[PDB]
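A.B. asks:
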Amino acid sequence: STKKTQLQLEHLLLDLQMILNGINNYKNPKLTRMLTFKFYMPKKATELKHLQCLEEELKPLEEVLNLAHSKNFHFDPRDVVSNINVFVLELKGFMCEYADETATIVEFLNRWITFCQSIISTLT
């Protein structure tokens, strides 16, 4: 059950990282357009229940990705985000509380990639 939860986090993390790579190889001036789209971060992210703040931000995430023409990505935005949605559902087993600051898409991915890495460490 803790070995199971840890593996789901391992997969969730794969997805986040996969997206973040697509985005750091957006060698298109259009990147400015993308980074202007603002994402909401969680006030605190210390427990699985806090993945709520990731669930609620997935629609805006999928949208922003769709703007970047497909040629640029190895994955399909709607797919990689459905995927992430599924994991988050199985991992939170509450109401979300947001930080006052917004962040670019890249900072947002980082915050969560980190969060995943933390939990995974403490579960080892």
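Residue numbers (UniProt numbering): 26 to 118, 123 to 153.
Just so it is clear, CB atoms sit at the ideal spot from N, CA and C, and this is done for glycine as well.
1. Do you know whose CA, among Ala128, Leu138 and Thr57, lies nearest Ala93's CA?
2. Is the segment 74-84 in contact with the segment 106-117, if contact means three or more CB pairs nearer than 8 angstroms?
3. If you draw a straight line from the alpha carbon of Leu79 to that of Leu90, how long is it in whole angstroms?
4. Taking the alpha-carbon of residue 121 as reference, which of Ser150, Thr143 and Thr133 has the nearest alpha-carbon?
5. Rounded to the nearest angstrom, how far is the Cβ of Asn53 from that of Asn97, given a contact under 8 angstroms?
6. For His75, count neighbouring Cβ atoms within 10 angstroms of its own Cβ and tell me buried if that reaches 16, exposed if not.
7. Just the Cα atoms here: how many angstroms apart are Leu39 and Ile148?
8. Based on the DSSP secondary-structure assignment, which residues constitute the bridge partners of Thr153?
9. What are the residues that DSSP puts in a beta bridge with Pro67?
C.D. replies: To lay it out plainly:
1. The residue given as residue 93 occupies position 68 in the sequence shown. It is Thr57.
2. Yes, since at least three Cβ pairs between the segment 74-84 and the segment 106-117 fall closer than 8 angstroms, the two stretches touch.
3. Here residue 79 corresponds to residue number 54 of the sequence shown, with the count starting at 1. Here residue 90 corresponds to residue number 65 of the sequence shown, with the count starting at 1. The straight-line gap separating the alpha-carbon atoms of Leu79 and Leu90 is approximately 16 angstroms.
4. Within the chain, residue numbering steps from 118 directly to 123, and residue 121 belongs to the interval with no atoms modelled.
5. Sequence index remark: in the sequence shown, residue 53 carries index 28 (1-based). Sequence index remark: in the sequence shown, residue 97 carries index 72 (1-based). About 7 angstroms separates the two Cβ atoms, so the contact holds.
6. Residue numbering aside, residue 75 sits at position 50 when the sequence shown is read from its first letter. Buried, since its Cβ has 16 or more Cβ neighbours within 10 Å.
7. Position 14 of the sequence shown, counted from the first residue, corresponds to residue 39. Position 119 of the sequence shown, counted from the first residue, corresponds to residue 148. Rounded to the nearest angstrom, the gap between the Cα atoms of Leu39 and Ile148 is 14 angstroms.
8. Your numbering for residue 153 matches position 124 in the sequence shown. Note: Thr153 sits in no beta bridge, so no partner.
9. Within the sequence shown, residue 67 is the residue found at index 42, counting from 1. DSSP output for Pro67 lists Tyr127 as bridge partner(s).
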